[PDB]
Amino acid sequence: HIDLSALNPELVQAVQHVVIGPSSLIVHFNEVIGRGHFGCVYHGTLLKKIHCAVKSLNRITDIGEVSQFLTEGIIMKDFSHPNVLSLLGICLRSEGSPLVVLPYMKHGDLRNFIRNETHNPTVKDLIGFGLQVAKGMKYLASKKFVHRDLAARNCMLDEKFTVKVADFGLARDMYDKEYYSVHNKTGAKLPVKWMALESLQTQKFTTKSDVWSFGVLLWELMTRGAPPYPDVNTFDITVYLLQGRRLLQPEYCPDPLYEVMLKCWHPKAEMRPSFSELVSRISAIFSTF
Ligand SMILES: C[C@@H](Oc1cc(-c2cnn(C3CCNCC3)c2)cnc1N)c1c(Cl)ccc(F)c1Cl
């Protein structure tokens, strides 16, 4: 049970650009495809029948939470890139929290996809995916949008095997709680093993800290979904990194790709490549395959 007139009126305007009428949407509450802190994700169809993922915000009880979340996430509607997850719309209803409607990604997240033993993606496949992520990160960077949680678990694969950078905006949530820790300066749950050393030190996230995360993401690809720093405690990641230590070369990571990875983790944020640079670099590496 959530009210409409209780929100900032400018936000209600923005949301109404992308409103879905309950009549247009069927949600299958028996078909859970994800569980987040804010709510579950379900199979749904938007009618002309589009298969979608429906994110419930029903664990957000309070209106001040909903407003803040919608305010921060609504910018998602003004993004359009084939390597960025789009927003189909927000279904507002008279009783219950707003439902966030997204395109259904048939192959789920990149991490579970590449970990599936029947899939056995080749080095070429894996580099391909990585290049697709860099392209969507390039777009977001150009919009001055800082992701804050770039990771393989947060990039989706559609039915055409197009990678969509996700878990941002109205989709934002922790869908794998194993990888978020309160052992950081902010005190709140953060993906510490994906975060730039400076972000751990200063609490600030930037496009250049997203590049650091992209480096970790590439490493996840080449390892086919191994968890980074398995013997480093969340208590220790900052000092591990301060000591100049880094994720080691995956067995089937080509040397130029590891080189790229090391550049992404340069202690000096100004020294790391742009996503523009990363696209060119990985594209050339891709082309050797
Ligand atoms: C909000 C939710 O969105 C989707 C999940 C899924 C999804 C999850 N799993 N699967 C299937 C593939 C593997 N086996 C279970 C079903 C599809 C598809 N499309 C989505 N838009 C989501 C989840 Cl659950 C996890 C990470 C994300 F970045 C996002 Cl954005």
# chains A, B, ... in the order shown; residues from 1 in each chain; ligands from 1

$ residues_near_ligand --ligand "ligand 1" --cutoff "8 Å" --atoms "only C-alpha atoms and all ligand atoms" --output "PyMOL selection string"
chain A and resi 33-36+40-41+52-55+85+101-109+112-113+153-156+158+165-168+171-176

$ select_by_dssp --residues "segment 51-220 of chain A" --states "strand (DSSP E or B)" --output "PyMOL selection string"
chain A and resi 51-56+84+89-91+99-103+109+155-157+163-165+181+190

$ write_last_selection --atoms "N, CA and C atoms" --output "PDB file, in the first residue's frame"
ATOM      1  N   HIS A  51       8.065 -10.979 -23.021  1.00  0.00           N
ATOM      2  CA  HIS A  51       8.552 -11.694 -21.857  1.00  0.00           C
ATOM      3  C   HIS A  51       9.428 -10.730 -21.077  1.00  0.00           C
ATOM      4  N   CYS A  52       9.111 -10.535 -19.802  1.00  0.00           N
ATOM      5  CA  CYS A  52       9.898  -9.615 -18.992  1.00  0.00           C
ATOM      6  C   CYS A  52      10.291 -10.144 -17.615  1.00  0.00           C
ATOM      7  N   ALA A  53      11.261  -9.468 -17.010  1.00  0.00           N
ATOM      8  CA  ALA A  53      11.598  -9.678 -15.617  1.00  0.00           C
ATOM      9  C   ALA A  53      10.925  -8.575 -14.807  1.00  0.00           C
ATOM     10  N   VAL A  54      10.193  -8.976 -13.777  1.00  0.00           N
ATOM     11  CA  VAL A  54       9.476  -8.025 -12.943  1.00  0.00           C
ATOM     12  C   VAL A  54      10.105  -7.983 -11.557  1.00  0.00           C
ATOM     13  N   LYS A  55      10.705  -6.845 -11.230  1.00  0.00           N
ATOM     14  CA  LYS A  55      11.313  -6.656  -9.921  1.00  0.00           C
ATOM     15  C   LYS A  55      10.314  -6.046  -8.957  1.00  0.00           C
ATOM     16  N   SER A  56       9.988  -6.801  -7.913  1.00  0.00           N
ATOM     17  CA  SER A  56       9.125  -6.324  -6.841  1.00  0.00           C
ATOM     18  C   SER A  56       9.940  -5.494  -5.841  1.00  0.00           C
ATOM     19  N   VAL A  84      23.440  -2.113 -22.697  1.00  0.00           N
ATOM     20  CA  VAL A  84      22.920  -1.588 -21.435  1.00  0.00           C
ATOM     21  C   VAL A  84      21.474  -2.029 -21.262  1.00  0.00           C
ATOM     22  N   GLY A  89       9.291  -0.355 -18.087  1.00  0.00           N
ATOM     23  CA  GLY A  89       8.409   0.557 -17.377  1.00  0.00           C
ATOM     24  C   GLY A  89       8.201   0.249 -15.901  1.00  0.00           C
ATOM     25  N   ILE A  90       7.502   1.156 -15.219  1.00  0.00           N
ATOM     26  CA  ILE A  90       7.113   0.985 -13.822  1.00  0.00           C
ATOM     27  C   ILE A  90       5.600   0.787 -13.728  1.00  0.00           C
ATOM     28  N   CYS A  91       5.178  -0.350 -13.184  1.00  0.00           N
ATOM     29  CA  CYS A  91       3.760  -0.584 -12.964  1.00  0.00           C
ATOM     30  C   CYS A  91       3.375  -0.094 -11.571  1.00  0.00           C
ATOM     31  N   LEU A  99       6.172  -1.932  -9.193  1.00  0.00           N
ATOM     32  CA  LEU A  99       6.847  -3.052  -9.821  1.00  0.00           C
ATOM     33  C   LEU A  99       7.724  -2.524 -10.948  1.00  0.00           C
ATOM     34  N   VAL A 100       8.990  -2.937 -10.955  1.00  0.00           N
ATOM     35  CA  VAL A 100       9.933  -2.536 -11.998  1.00  0.00           C
ATOM     36  C   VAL A 100      10.013  -3.612 -13.092  1.00  0.00           C
ATOM     37  N   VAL A 101       9.663  -3.217 -14.312  1.00  0.00           N
ATOM     38  CA  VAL A 101       9.542  -4.142 -15.433  1.00  0.00           C
ATOM     39  C   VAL A 101      10.738  -3.982 -16.372  1.00  0.00           C
ATOM     40  N   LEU A 102      11.460  -5.078 -16.584  1.00  0.00           N
ATOM     41  CA  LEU A 102      12.666  -5.065 -17.401  1.00  0.00           C
ATOM     42  C   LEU A 102      12.584  -6.150 -18.469  1.00  0.00           C
ATOM     43  N   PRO A 103      13.343  -6.005 -19.561  1.00  0.00           N
ATOM     44  CA  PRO A 103      13.397  -7.049 -20.590  1.00  0.00           C
ATOM     45  C   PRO A 103      13.909  -8.361 -19.983  1.00  0.00           C
ATOM     46  N   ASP A 109      22.504 -14.136 -15.726  1.00  0.00           N
ATOM     47  CA  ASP A 109      23.727 -13.353 -15.573  1.00  0.00           C
ATOM     48  C   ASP A 109      24.940 -14.057 -16.165  1.00  0.00           C
ATOM     49  N   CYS A 155      25.898  -8.521 -15.181  1.00  0.00           N
ATOM     50  CA  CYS A 155      25.825  -8.331 -16.624  1.00  0.00           C
ATOM     51  C   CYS A 155      24.991  -9.496 -17.142  1.00  0.00           C
ATOM     52  N   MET A 156      23.991  -9.202 -17.965  1.00  0.00           N
ATOM     53  CA  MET A 156      23.029 -10.224 -18.371  1.00  0.00           C
ATOM     54  C   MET A 156      23.233 -10.608 -19.829  1.00  0.00           C
ATOM     55  N   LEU A 157      22.786 -11.807 -20.199  1.00  0.00           N
ATOM     56  CA  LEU A 157      22.912 -12.294 -21.574  1.00  0.00           C
ATOM     57  C   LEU A 157      21.524 -12.549 -22.135  1.00  0.00           C
ATOM     58  N   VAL A 163      25.197  -9.033 -24.394  1.00  0.00           N
ATOM     59  CA  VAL A 163      25.460  -8.769 -22.984  1.00  0.00           C
ATOM     60  C   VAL A 163      24.840  -7.434 -22.613  1.00  0.00           C
ATOM     61  N   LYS A 164      24.032  -7.410 -21.553  1.00  0.00           N
ATOM     62  CA  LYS A 164      23.507  -6.147 -21.032  1.00  0.00           C
ATOM     63  C   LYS A 164      24.066  -5.828 -19.652  1.00  0.00           C
ATOM     64  N   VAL A 165      24.785  -4.715 -19.549  1.00  0.00           N
ATOM     65  CA  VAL A 165      25.230  -4.199 -18.258  1.00  0.00           C
ATOM     66  C   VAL A 165      23.973  -3.858 -17.456  1.00  0.00           C
ATOM     67  N   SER A 181      29.893  -7.048   1.723  1.00  0.00           N
ATOM     68  CA  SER A 181      30.402  -7.026   3.092  1.00  0.00           C
ATOM     69  C   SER A 181      30.248  -5.659   3.750  1.00  0.00           C
ATOM     70  N   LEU A 190      28.830  -3.697   0.788  1.00  0.00           N
ATOM     71  CA  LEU A 190      29.479  -3.289  -0.458  1.00  0.00           C
ATOM     72  C   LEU A 190      30.242  -4.451  -1.076  1.00  0.00           C
TER      73      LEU A 190
END

$ select_by_dssp --residues "segment 172-238 of chain A" --states "alpha helix (DSSP H)" --output "list in words"
residues 197, 198, 199, 200, 201, 202, 207, 208, 209, 210, 211, 212, 213, 214, 215, 216, 217, 218, 219, 220, 221, 222, 237 and 238 of chain A

$ write_last_selection --atoms "N, CA, C and O atoms" --output "CSV table (one decimal), in the first residue's frame"
chain,number,residue,atom,x,y,z
A,197,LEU,N,40.9,0.4,-4.8
A,197,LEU,CA,41.6,0.7,-3.5
A,197,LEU,C,41.2,2.1,-3.0
A,197,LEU,O,40.9,2.2,-1.8
A,198,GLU,N,41.2,3.1,-3.8
A,198,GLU,CA,40.8,4.5,-3.4
A,198,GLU,C,39.3,4.6,-2.9
A,198,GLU,O,39.0,5.3,-1.9
A,199,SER,N,38.4,3.8,-3.6
A,199,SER,CA,37.0,3.8,-3.2
A,199,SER,C,36.9,3.2,-1.8
A,199,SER,O,36.1,3.6,-1.0
A,200,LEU,N,37.7,2.2,-1.5
A,200,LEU,CA,37.8,1.6,-0.2
A,200,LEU,C,38.4,2.6,0.9
A,200,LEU,O,38.0,2.6,2.0
A,201,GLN,N,39.3,3.5,0.4
A,201,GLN,CA,39.9,4.5,1.3
A,201,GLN,C,39.1,5.7,1.5
A,201,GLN,O,38.9,6.2,2.6
A,202,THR,N,38.5,6.2,0.4
A,202,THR,CA,37.8,7.5,0.4
A,202,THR,C,36.2,7.4,0.5
A,202,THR,O,35.6,8.4,0.8
A,207,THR,N,33.9,6.9,-12.4
A,207,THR,CA,34.1,6.1,-13.6
A,207,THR,C,35.4,5.3,-13.6
A,207,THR,O,35.5,4.2,-14.1
A,208,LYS,N,36.5,5.9,-13.0
A,208,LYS,CA,37.8,5.2,-12.9
A,208,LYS,C,37.8,4.1,-11.9
A,208,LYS,O,38.6,3.2,-12.1
A,209,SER,N,36.9,4.1,-10.9
A,209,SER,CA,36.7,3.0,-10.1
A,209,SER,C,35.9,1.9,-10.7
A,209,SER,O,36.0,0.7,-10.4
A,210,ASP,N,35.0,2.2,-11.6
A,210,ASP,CA,34.2,1.3,-12.5
A,210,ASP,C,35.2,0.5,-13.4
A,210,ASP,O,35.0,-0.7,-13.7
A,211,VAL,N,36.2,1.2,-13.9
A,211,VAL,CA,37.3,0.6,-14.7
A,211,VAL,C,38.1,-0.4,-13.9
A,211,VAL,O,38.4,-1.5,-14.5
A,212,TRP,N,38.3,-0.1,-12.7
A,212,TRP,CA,38.9,-1.1,-11.8
A,212,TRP,C,38.1,-2.4,-11.7
A,212,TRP,O,38.6,-3.5,-11.8
A,213,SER,N,36.8,-2.1,-11.5
A,213,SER,CA,35.8,-3.2,-11.4
A,213,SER,C,35.7,-4.0,-12.7
A,213,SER,O,35.6,-5.2,-12.7
A,214,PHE,N,35.9,-3.3,-13.8
A,214,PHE,CA,35.9,-3.9,-15.1
A,214,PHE,C,37.1,-4.9,-15.3
A,214,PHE,O,36.9,-6.0,-15.9
A,215,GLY,N,38.2,-4.5,-14.7
A,215,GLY,CA,39.4,-5.3,-14.7
A,215,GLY,C,39.1,-6.6,-13.9
A,215,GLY,O,39.5,-7.7,-14.4
A,216,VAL,N,38.5,-6.5,-12.7
A,216,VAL,CA,38.1,-7.7,-12.0
A,216,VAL,C,37.1,-8.6,-12.8
A,216,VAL,O,37.1,-9.8,-12.8
A,217,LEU,N,36.1,-7.9,-13.5
A,217,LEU,CA,35.1,-8.6,-14.3
A,217,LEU,C,35.8,-9.4,-15.4
A,217,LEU,O,35.4,-10.6,-15.7
A,218,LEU,N,36.8,-8.8,-16.1
A,218,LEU,CA,37.6,-9.5,-17.1
A,218,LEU,C,38.2,-10.8,-16.5
A,218,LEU,O,38.2,-11.9,-17.1
A,219,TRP,N,38.7,-10.6,-15.3
A,219,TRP,CA,39.4,-11.7,-14.6
A,219,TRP,C,38.4,-12.9,-14.3
A,219,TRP,O,38.7,-14.0,-14.4
A,220,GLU,N,37.2,-12.5,-13.9
A,220,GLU,CA,36.1,-13.4,-13.7
A,220,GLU,C,35.8,-14.2,-15.0
A,220,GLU,O,35.6,-15.4,-15.0
A,221,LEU,N,35.7,-13.5,-16.1
A,221,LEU,CA,35.5,-14.2,-17.4
A,221,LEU,C,36.5,-15.2,-17.7
A,221,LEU,O,36.2,-16.4,-18.0
A,222,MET,N,37.8,-14.9,-17.6
A,222,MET,CA,38.9,-15.8,-18.0
A,222,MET,C,39.0,-17.0,-17.1
A,222,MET,O,39.6,-18.0,-17.5
A,237,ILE,N,41.3,-6.8,2.4
A,237,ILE,CA,41.4,-6.5,1.0
A,237,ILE,C,42.1,-5.2,0.7
A,237,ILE,O,42.8,-5.0,-0.2
A,238,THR,N,41.9,-4.2,1.6
A,238,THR,CA,42.5,-2.9,1.5
A,238,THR,C,44.0,-3.0,1.6
A,238,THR,O,44.7,-2.4,0.8

$ atom_distance --atom1 "atom CA of residue 261 of chain A" --atom2 "atom CA of residue 282 of chain A"
10.5 Å

$ residues_around --residues "segment 58-65 of chain A" --least-positions-apart "5" --cutoff "9 Å" --atoms "only C-alpha atoms" --output "PyMOL selection string"
chain A and resi 1-3+6-7+36-40+70+96-99

$ write_last_selection --atoms "N, CA, C and O atoms" --output "tab-separated table (two decimals), in the first residue's frame"
chain	number	residue	atom	x	y	z
A	1	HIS	N	0.84	-1.23	0.00
A	1	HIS	CA	0.00	0.00	0.00
A	1	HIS	C	0.86	1.26	0.00
A	1	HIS	O	1.49	1.60	1.01
A	2	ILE	N	0.90	1.95	-1.14
A	2	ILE	CA	1.76	3.12	-1.35
A	2	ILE	C	1.03	4.23	-2.13
A	2	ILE	O	0.39	3.97	-3.15
A	3	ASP	N	1.15	5.47	-1.63
A	3	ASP	CA	0.44	6.63	-2.18
A	3	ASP	C	1.20	7.36	-3.29
A	3	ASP	O	2.44	7.35	-3.33
A	6	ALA	N	2.10	11.57	-2.38
A	6	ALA	CA	3.06	11.73	-1.28
A	6	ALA	C	4.50	11.96	-1.76
A	6	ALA	O	5.38	12.30	-0.97
A	7	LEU	N	4.72	11.79	-3.06
A	7	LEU	CA	6.06	11.93	-3.65
A	7	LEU	C	6.29	13.33	-4.21
A	7	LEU	O	5.34	14.07	-4.48
A	36	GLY	N	16.36	-10.27	-4.10
A	36	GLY	CA	17.14	-9.15	-3.63
A	36	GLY	C	16.70	-8.65	-2.28
A	36	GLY	O	15.71	-9.12	-1.71
A	37	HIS	N	17.43	-7.67	-1.77
A	37	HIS	CA	17.14	-7.04	-0.49
A	37	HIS	C	15.84	-6.24	-0.54
A	37	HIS	O	15.11	-6.15	0.46
A	38	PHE	N	15.55	-5.65	-1.70
A	38	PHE	CA	14.34	-4.85	-1.91
A	38	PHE	C	13.13	-5.69	-2.33
A	38	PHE	O	11.99	-5.27	-2.17
A	39	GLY	N	13.38	-6.89	-2.87
A	39	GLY	CA	12.30	-7.77	-3.29
A	39	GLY	C	12.72	-8.86	-4.27
A	39	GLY	O	13.88	-8.93	-4.68
A	40	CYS	N	11.76	-9.71	-4.63
A	40	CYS	CA	12.02	-10.76	-5.62
A	40	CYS	C	11.86	-10.26	-7.05
A	40	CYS	O	11.25	-9.21	-7.31
A	70	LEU	N	13.40	5.43	-6.41
A	70	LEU	CA	12.86	5.83	-7.71
A	70	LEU	C	13.56	7.07	-8.28
A	70	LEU	O	13.83	7.13	-9.47
A	96	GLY	N	0.21	-1.94	-2.91
A	96	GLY	CA	1.45	-2.66	-3.13
A	96	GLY	C	2.51	-1.73	-3.68
A	96	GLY	O	2.18	-0.70	-4.27
A	97	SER	N	3.77	-2.09	-3.48
A	97	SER	CA	4.89	-1.27	-3.95
A	97	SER	C	4.95	-1.29	-5.47
A	97	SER	O	4.40	-2.20	-6.11
A	98	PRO	N	5.58	-0.28	-6.07
A	98	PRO	CA	5.78	-0.24	-7.52
A	98	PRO	C	6.54	-1.46	-8.01
A	98	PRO	O	7.44	-1.96	-7.32
A	99	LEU	N	6.17	-1.93	-9.19
A	99	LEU	CA	6.85	-3.05	-9.82
A	99	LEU	C	7.72	-2.52	-10.95
A	99	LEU	O	7.26	-1.74	-11.78

$ closest_residue --among "A:50, A:32, A:15, A:26" --to "residue 72 of chain A" --atoms "only C-alpha atoms"
A:15

$ residues_around --residues "segment 246-248 of chain A" --least-positions-apart "2" --cutoff "9 Å" --atoms "only C-alpha atoms" --output "MDAnalysis selection string"
chainID A and resid 216 219 228:229 240:241 244 250 258 261:262 265

$ write_last_selection --atoms "N, CA and C atoms" --output "PDB file, in the first residue's frame"
ATOM      1  N   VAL A 216      38.475  -6.515 -12.746  1.00  0.00           N
ATOM      2  CA  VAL A 216      38.050  -7.705 -11.990  1.00  0.00           C
ATOM      3  C   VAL A 216      37.053  -8.553 -12.810  1.00  0.00           C
ATOM      4  N   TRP A 219      38.741 -10.640 -15.286  1.00  0.00           N
ATOM      5  CA  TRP A 219      39.408 -11.746 -14.607  1.00  0.00           C
ATOM      6  C   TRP A 219      38.380 -12.866 -14.319  1.00  0.00           C
ATOM      7  N   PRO A 228      36.910 -13.897  -6.940  1.00  0.00           N
ATOM      8  CA  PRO A 228      38.204 -13.222  -6.800  1.00  0.00           C
ATOM      9  C   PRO A 228      38.704 -13.220  -5.352  1.00  0.00           C
ATOM     10  N   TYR A 229      40.023 -13.310  -5.183  1.00  0.00           N
ATOM     11  CA  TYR A 229      40.683 -13.342  -3.867  1.00  0.00           C
ATOM     12  C   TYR A 229      40.030 -14.293  -2.841  1.00  0.00           C
ATOM     13  N   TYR A 240      45.851  -5.772   1.424  1.00  0.00           N
ATOM     14  CA  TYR A 240      46.255  -6.631   0.313  1.00  0.00           C
ATOM     15  C   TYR A 240      46.585  -5.781  -0.915  1.00  0.00           C
ATOM     16  N   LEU A 241      45.686  -4.851  -1.236  1.00  0.00           N
ATOM     17  CA  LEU A 241      45.808  -3.984  -2.401  1.00  0.00           C
ATOM     18  C   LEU A 241      46.870  -2.900  -2.242  1.00  0.00           C
ATOM     19  N   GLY A 244      50.312  -3.639  -3.044  1.00  0.00           N
ATOM     20  CA  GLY A 244      50.561  -3.728  -4.477  1.00  0.00           C
ATOM     21  C   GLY A 244      50.155  -5.058  -5.101  1.00  0.00           C
ATOM     22  N   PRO A 250      44.908 -15.671 -15.016  1.00  0.00           N
ATOM     23  CA  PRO A 250      44.192 -16.923 -15.269  1.00  0.00           C
ATOM     24  C   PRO A 250      44.949 -17.740 -16.309  1.00  0.00           C
ATOM     25  N   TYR A 258      45.717  -9.865 -19.750  1.00  0.00           N
ATOM     26  CA  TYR A 258      46.204  -9.626 -18.396  1.00  0.00           C
ATOM     27  C   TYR A 258      46.861  -8.256 -18.245  1.00  0.00           C
ATOM     28  N   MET A 261      44.183  -5.917 -17.778  1.00  0.00           N
ATOM     29  CA  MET A 261      43.714  -6.075 -16.398  1.00  0.00           C
ATOM     30  C   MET A 261      44.569  -5.332 -15.372  1.00  0.00           C
ATOM     31  N   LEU A 262      45.895  -5.475 -15.466  1.00  0.00           N
ATOM     32  CA  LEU A 262      46.818  -4.755 -14.583  1.00  0.00           C
ATOM     33  C   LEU A 262      46.660  -3.236 -14.695  1.00  0.00           C
ATOM     34  N   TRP A 265      43.946  -1.726 -12.705  1.00  0.00           N
ATOM     35  CA  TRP A 265      44.163  -1.740 -11.267  1.00  0.00           C
ATOM     36  C   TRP A 265      45.349  -0.887 -10.805  1.00  0.00           C
TER      37      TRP A 265
END

$ closest_residue --among "A:196, A:260, A:141, A:123" --to "residue 275 of chain A" --atoms "only C-alpha atoms"
A:141

$ atom_distance --atom1 "atom CA of residue 116 of chain A" --atom2 "atom CA of residue 224 of chain A"
8.7 Å
